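Okay, structure first, notes after.
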Amino acid sequence: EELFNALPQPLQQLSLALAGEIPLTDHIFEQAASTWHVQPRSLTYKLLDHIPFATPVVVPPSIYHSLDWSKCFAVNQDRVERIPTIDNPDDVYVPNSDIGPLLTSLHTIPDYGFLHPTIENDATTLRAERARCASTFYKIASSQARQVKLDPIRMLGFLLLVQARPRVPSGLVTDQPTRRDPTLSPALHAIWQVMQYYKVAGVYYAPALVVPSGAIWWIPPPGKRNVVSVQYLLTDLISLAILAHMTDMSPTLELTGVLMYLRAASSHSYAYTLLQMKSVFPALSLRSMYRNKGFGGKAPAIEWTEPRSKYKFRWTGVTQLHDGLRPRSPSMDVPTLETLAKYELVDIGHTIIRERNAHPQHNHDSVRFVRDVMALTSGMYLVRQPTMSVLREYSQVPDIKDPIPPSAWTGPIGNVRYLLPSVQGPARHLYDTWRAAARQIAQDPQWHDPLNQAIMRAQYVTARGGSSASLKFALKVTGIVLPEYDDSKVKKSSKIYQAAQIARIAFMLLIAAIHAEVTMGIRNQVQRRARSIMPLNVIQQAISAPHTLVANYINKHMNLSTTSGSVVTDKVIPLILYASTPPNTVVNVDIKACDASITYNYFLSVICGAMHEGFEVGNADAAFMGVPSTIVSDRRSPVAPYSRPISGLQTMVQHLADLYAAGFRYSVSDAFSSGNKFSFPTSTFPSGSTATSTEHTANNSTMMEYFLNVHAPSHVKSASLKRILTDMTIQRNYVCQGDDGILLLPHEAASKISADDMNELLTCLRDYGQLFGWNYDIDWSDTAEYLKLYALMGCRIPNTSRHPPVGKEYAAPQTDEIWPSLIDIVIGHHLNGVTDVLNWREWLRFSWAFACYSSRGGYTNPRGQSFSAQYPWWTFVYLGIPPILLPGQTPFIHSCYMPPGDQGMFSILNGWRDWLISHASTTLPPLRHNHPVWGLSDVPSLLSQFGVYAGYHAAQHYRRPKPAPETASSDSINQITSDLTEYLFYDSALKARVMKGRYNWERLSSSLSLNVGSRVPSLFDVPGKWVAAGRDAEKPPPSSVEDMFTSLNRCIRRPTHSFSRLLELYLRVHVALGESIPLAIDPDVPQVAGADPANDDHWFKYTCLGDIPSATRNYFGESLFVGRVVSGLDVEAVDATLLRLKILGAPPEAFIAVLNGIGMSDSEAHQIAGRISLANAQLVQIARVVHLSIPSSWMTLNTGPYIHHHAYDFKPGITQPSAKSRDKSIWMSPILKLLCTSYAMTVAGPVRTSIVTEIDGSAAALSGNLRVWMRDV
Amino acid sequence: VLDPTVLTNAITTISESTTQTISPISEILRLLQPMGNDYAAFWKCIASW
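Each protein sequence line maps, in turn, to chains A and G. Using the entry's author numbering, the letters of the first sequence correspond one by one to residues 2 to 1274. Using the entry's author numbering, the letters of the second sequence correspond one by one to residues 487 to 535.
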């Protein structure tokens, strides 16, 4: 095309690669990456002008008609700068005004400009109503432009680079030339129509150019203005132009989306208008599909596994659809078109409904219509003021329609009161569930165990990054010397700086004076560069310890989360698919603002009274975690008040009632508004704290249980619905996690329920939360939504708008990163386009374009003015992205489900190996010696020519600057580390375990004589793990970055042209693929939306394997052989330590030395070591000792039976008998079967039966050589 | 029509412990790996009659 002609010649040379015409050598990857950086970014929009094209979209000139920002911002109490709401009381986001007068010119680039420094100077010195008002708007408006990964200026550049040349047709017959043209896309046309305003000489100035410090805005010419809505409009169009070519969207559906963004840019406060229509497109398609007459298709017949608490699921065939299976629920059409009439977008509604009625049945084409319209929702991360993010949404107090009377409480027992039995509303079932769950902890002897107490203190440090240092406030009652620890360079956050100083002072001399106003929010100073964040003090989390534990007991028997890395893809996804099936219709119960719905006015007074009566069981004279027993003042009896001894477990509830009733002191110290700073209480829990938000899960199942059994079977007026509500049970019909959860209807009258009966149910359920202030976000759209994931007739609907192609959440005004951390954002950006299925070739074409810009880095040092790096092309191959073309074969045969690592590099060097031996037997001299896996052909010289070894070591090399102070100098290192060691080692019994562990292991390191100085995860790695997890967020010095930078170029250019000693041993194994395995599902049934036969690669994998993970003998390791660890030690690193020693034939003292290292008792270390075995272990868990693992891209598949009994260690008629793993097939076959699947999932097309053909050595030679490797590790 | 996999499929499903040094399943397939490189030798026996 003429678009390809307009590209630069090195940039043309990479579009030939992305099309698949030529292999992508490293020289094309270097020159074109250098072409991106030296190019002015404004030249990218000139390339959009080089396409002559037309489509019916007109960008109005009414976008540029702006408001005045100073009319939109003012000052209120405590001298805070904020946005007064103009129209509606949630008008809080960025107003669309000119950034023009607020910016000065920039010294380096005269065309752009940052903030005028007179406004920057005085607003930190003198708090004005103009300058402080200006810097609030500027830093917020720059932040919403900063919400991208890199510039959308370049993200449009990769998309035009992919669309320059069409992809070449591979020999796989399921590919198609794409139906989409760039000429027909109104997304690209609206960007060109906007950019006609932004040129003065045909140069196309971008309105912003987001430097990694922050966005820098374009200066306006005289007569024209630069409003802030355009850069946000451009980002949303580029976010839509990328996805629509990846979702293969119709051009009549982009225009449906584009006209909403142009309407919101025409309106004022663009992000607020875009927020009010955040649920239009799912309501027009996903929430309402099949309400018409003609309905049919095929649906999965998923059955609940009849032991109900197991939460297991099995795909048990197909279900042909009919008009009794279409949703009885009313359509969401009438409430949605009224919302579109508020913004004059009623033609957007009638466009979808005309196209939705073209899909009467449930097919592959129908679910693609759902995800195409769900791609039209903007996934733009809205940023308001972090002051105003808390001043409104963390300020809403609930409305209790039925408050508890004061006569319903007993006399006080210290601070707390008990609930009288005379009141029997839903508060009683709240009071009686939290009481009996509190009884099962004073009985439970899991505590007063030194390892269990060490896990809980590890749980507060590791899980969240912490907020403040209120021990500077907690010197008010106890004289502390207060070490500032500037002689240790460590960050002063709540992770390390608090808990190390806690090891000196006991809790009882501290818990009486914990109540602080700068409890949380900012690092012990009222102005910094950080945002006000959620977690609180570690000793006020320690006084909140029983409230976590009683909430854990409620969620134990109901919510078997099992604390696994695969719990969304094992439990949530099949429940999503078991819901929305034509047998059962569901009510996806959501509880909005649940964190701001738990107060001491109703909830926290009941549970603290329930825990205190619940902890009355057991010993009243018993300490707990260092809090002793104490005297309470009983006032229940009016005639006999007295002093009672209460336990330490009841002592914590006395201080917790004082802390919950005073509230939670959020202190806002954001760096966005110029110096607004105030701490204030709230009744709002922290949001992301999973150890605290499990209390919301503890109330979600509990309050639904009183609804389904007592409240609604008595309150509802429908006599027919009382028959349904009789046998509903939350152990069968309700699943919760967090605030949201699925309600299930009983299988007898599930799909045959009247919608008039369901509307009377949900009216009573919405009125049921009015007794608590719980605003239920009930939906009745006959679709599933458990944790922000969707379904339609048992087809998973990947929300493409949830993971944006351009967007990225930044809670900081800066990115706070050195350059090569962008590469780890690339791989996460790639796999989100693989999980949420897209056009897998075009997404892989887009990924190599997007990764090519992330290959060069330039550092600015005042000492050294020049730094330039270059990762090779093969770096991204090791990290997970499959290559589009190898030299010597056809393109787009490597699947996106390829593993990363050595496991992925094995897969490419297997099918491409036959070319590598033949192409190196010619054109290269043979080896002087002999090589085991390639013979006399000089393949590792040829692999050195393509830079295979270059990108291999460049990917394995680290990409984050290590800190500069070490222990070899005269630095005082162990000031804060050894005090944190004293925090973890409180009891002398647990210290006697770990000193026994390292003494026995270092005795058995040399006596057993296999390793020396090898890393074994002891508990002394955990202060090394914690303190190094504090300096990773600290900005590194330029001495550390350049040392990290120079180590990159030394790692790339070094002559080590060998792989690791596992991949050198993997390449002996030659696997080969026979016919395709017989089918798991019927491919007429859509498993995941987007996996049609057009998107062929994702279509076979969900058809050959299936998306319901079959719980087998293996079940991909939900068990991890150590049920509880100190948080900081990876159990992945523990099973890869014990099972090696089981293979190596270690004495049982070697196991006990490892288990005493992690803190297990001597009674426990024997009892784990005999329990672990090589046969009782699982086939995935055996392969993890050789660093082979299931990738994240396989987690949504049913890899269970395929690794079990389709992958061959030994297919007896086909293979050669040199690969007989005799007496080693207990542990070599999990390696051999998983290397079979490592290559089966790499080849495109259907999943073939994989067979080990031969090993170049013996299989005994490989079992010997991995045994040499397992001794070295 | 000769389809030599049927003799292979009848042999390759005979069970054997792999712990032995000799696999008699291996040695009879070793005697039949090139398969004589042809199958006209059967018909040359018949045409010689």
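Heads up, the beta-carbon is just placed ideally off N, CA and C, and yes, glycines get one too.
(1) Run through DSSP, which three-state label would A/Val-607 get?
(2) Please list the partners that G/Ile-514 has in chain A, where partner means a Cβ-to-Cβ separation under 7 Å.
(3) Would you report the Cα separation of A/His-716 and A/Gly-426, rounded to the nearest angstrom?
(4) Just the chain A side, please: which residues come within less than 8 Å of G/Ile-511 by C-beta, in chain order?
(5) Using the beta-carbon count (16 or more within 10 Å), is A/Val-539 buried or exposed?
(6) Since A/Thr-1216 is in the beta strand (DSSP E), which residue starts that stretch and which ends it?
(7) Comparing alpha-carbon positions, which option in A/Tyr-205, A/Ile-192 and A/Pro-221 lies nearest A/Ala-242?
(8) What runs of the alpha helix (DSSP H), each 4 residues or longer, lie entirely inside the region 203 to 247 of chain A?
(9) Can you tell me whether A/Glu-31 is buried or exposed? The criterion is at least 16 other CB atoms within 10 Å of its CB, across all chains shown.
(10) With a threshold of 7 Å between beta carbons, is G/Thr-507 in contact with chain A?
(11) Could you tell me whether the region 806 to 819 of chain A touches the region 136 to 152 of chain A, using the rule of 3 or more Cβ pairs below 8 Å?
(12) Helix, strand or coil, according to DSSP, for A/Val-551 in the structure here?
(13) When burial is assigned at 16 or more other CB atoms within 10 Å of the CB, is A/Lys-1036 buried or exposed?
(14) Which residues of chain G have a Cβ atom closer than 8 Å to the Cβ of A/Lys-1221, listed in chain order?
(15) Going straight from the alpha carbon of A/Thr-698 to that of A/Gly-739, what length do you get?
(16) So what does DSSP say about A/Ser-390, is it helix, strand or coil?
(17) So with CB distances below 9 Å, who are the chain G contacts of A/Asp-1224?
(18) Give the residues of chain A in contact with G/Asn-495, contact being defined as C-beta atoms less than 8 Å apart.
(19) Identify which residue in A/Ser-802, A/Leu-1005, A/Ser-1251 and A/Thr-236 has its Cα closest to the Cα of A/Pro-1148.
(20) Taking only runs that begin and end inside the region 811 to 874 of chain A, name each unbroken alpha helix (DSSP H) of 4 or more residues, in chain order.
(21) Could you tell me which uninterrupted alpha helix (DSSP H) segments, each at least 4 residues in length, are contained entirely in the region 499 to 576 of chain A, listed from first to last along the chain?
(22) With 7 Å as the threshold, decide whether the Cβ of A/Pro-1231 is near any Cβ in chain G.
(23) Under 7 Å between beta-carbons, which chain G residues line up against A/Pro-1218? List them in chain order, please.
(24) Keeping to the same chain, check which residues put their C-beta closer than 6 Å to that of A/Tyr-273; ignore five residues upstream and five downstream.
(25) Beta-carbon separation of G/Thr-505 and A/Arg-1268 under 7 Å?
(26) Could you give the distance in angstroms between the alpha-carbon of A/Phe-1101 and the alpha-carbon of G/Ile-511?
(27) Short of 8 Å in beta carbon distance, which residues of its chain neighbour A/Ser-644, apart from the five on each side in sequence? Order them along the chain.
(28) What's the gap between the Cα of A/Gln-946 and the Cα of A/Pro-1056?
(29) Taking the straight line between their C-alpha atoms, what separation do you get for A/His-38 and A/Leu-116?
(30) From A/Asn-553 to A/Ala-751, what does the alpha carbon distance come to, in whole angstroms?
(31) At a cut of 8 Å, does the region 777 to 794 of chain A reach the region 110 to 127 of chain A through at least three beta carbon pairs?
(32) Output the boundary residues of the alpha helix (DSSP H) element that contains A/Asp-366.
(33) Taking all protein chains shown into account, decide if A/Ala-1034 is buried (16 or more other Cβ within 10 angstroms of its Cβ) or exposed.
(34) Are A/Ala-20 and A/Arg-168 touching if we call contact CB-CB under 7 Å?
(35) Go ahead and pull the three-state DSSP assignment for A/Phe-616.
Inspection of the coordinates gives the following:
(1) In the structure shown, A/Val-607 sits in a helix (DSSP, three-state: H, G or I).
(2) Per Cβ cutoff of 7 Å: no residues; G/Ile-514 is ~11 Å from chain A at best.
(3) The C-alpha of A/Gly-426 is placed about 12 Å away from the C-alpha of A/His-716.
(4) What G/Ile-511 touches in chain A: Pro-1213.
(5) Buried: at least 16 other Cβ atoms inside 10 Å.
(6) Going by DSSP, A/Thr-1216 is part of no beta strand (DSSP E) at all; its letter is neither H nor E.
(7) In terms of CA proximity to A/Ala-242, A/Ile-192 leads the group A/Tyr-205, A/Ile-192 and A/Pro-221.
(8) Runs of the alpha helix (DSSP H) inside the region 203 to 247 of chain A: 230 to 247.
(9) The residue is buried, with at least 16 neighbouring Cβ atoms inside 10 Å.
(10) For G/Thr-507, the answer is no, since every Cβ of chain A falls outside 7 Å of its Cβ.
(11) The region 806 to 819 of chain A makes contact with the region 136 to 152 of chain A, as at least three CB pairs between them are under 8 Å.
(12) Three-state DSSP puts A/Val-551 in a helix.
(13) The residue in question, A/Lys-1036, is exposed, as its Cβ has fewer than 16 Cβ neighbours within 10 Å.
(14) Under the 8 Å cutoff, chain G gives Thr-504 and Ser-509.
(15) If I take the Cα positions, the gap works out to 5 Å.
(16) Residue state, collapsed to three classes: helix.
(17) Here the neighbours are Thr-504 and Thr-505.
(18) Scanning chain A for C-beta atoms nearer than 8 Å to the C-beta of G/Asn-495 yields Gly-1214, reported in chain order.
(19) Closest by alpha carbon: A/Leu-1005.
(20) If one requires a minimum length of 4 residues, the alpha helix (DSSP H) runs lying completely within the region 811 to 874 of chain A are 822 to 836 and 841 to 854, in chain order.
(21) As summarised for the region 499 to 576 of chain A, the continuous alpha helix (DSSP H) elements at least 4 residues long and confined to that stretch are 500 to 503, 539 to 542 and 546 to 555, given in chain order.
(22) No, A/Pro-1231 lies away from the interface with chain G (no Cβ there is under 7 Å from its Cβ).
(23) Those within 7 Å of A/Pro-1218 in chain G are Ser-509 and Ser-512.
(24) Its chain contains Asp-92 and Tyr-94 as the residues whose beta carbon lies nearer than 6 Å to that of A/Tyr-273, once the 5 sequence neighbours on both sides are disregarded; these appear in chain order.
(25) In this structure, G/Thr-505 lies away from A/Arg-1268, with their beta-carbon atoms at least 7 Å apart.
(26) Between A/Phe-1101 and G/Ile-511, the C-alpha separation is close to 36 Å.
(27) The beta carbon of A/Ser-644 is closer than 8 Å to those of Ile-632, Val-633, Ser-634 and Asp-635 in its chain, skipping five residues each way along the sequence.
(28) Rounded to the nearest angstrom, the gap between the Cα atoms of A/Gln-946 and A/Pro-1056 is 12 Å.
(29) For A/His-38 and A/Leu-116, the distance between alpha carbons rounds to 25 Å.
(30) Between the C-alpha atoms of A/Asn-553 and A/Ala-751 there is a straight-line separation of about 32 Å.
(31) In short, these stretches do not touch, since the Cβ pair count stays below three.
(32) First-last of the alpha helix (DSSP H) with A/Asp-366: 365 to 375.
(33) For A/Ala-1034, the number of other beta carbons within 10 angstroms of its own is below 16, and it is reported as exposed.
(34) The Cβ-Cβ distance between A/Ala-20 and A/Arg-168 falls below 7 Å.
(35) Three-state DSSP puts A/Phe-616 in coil, outside helix and strand.
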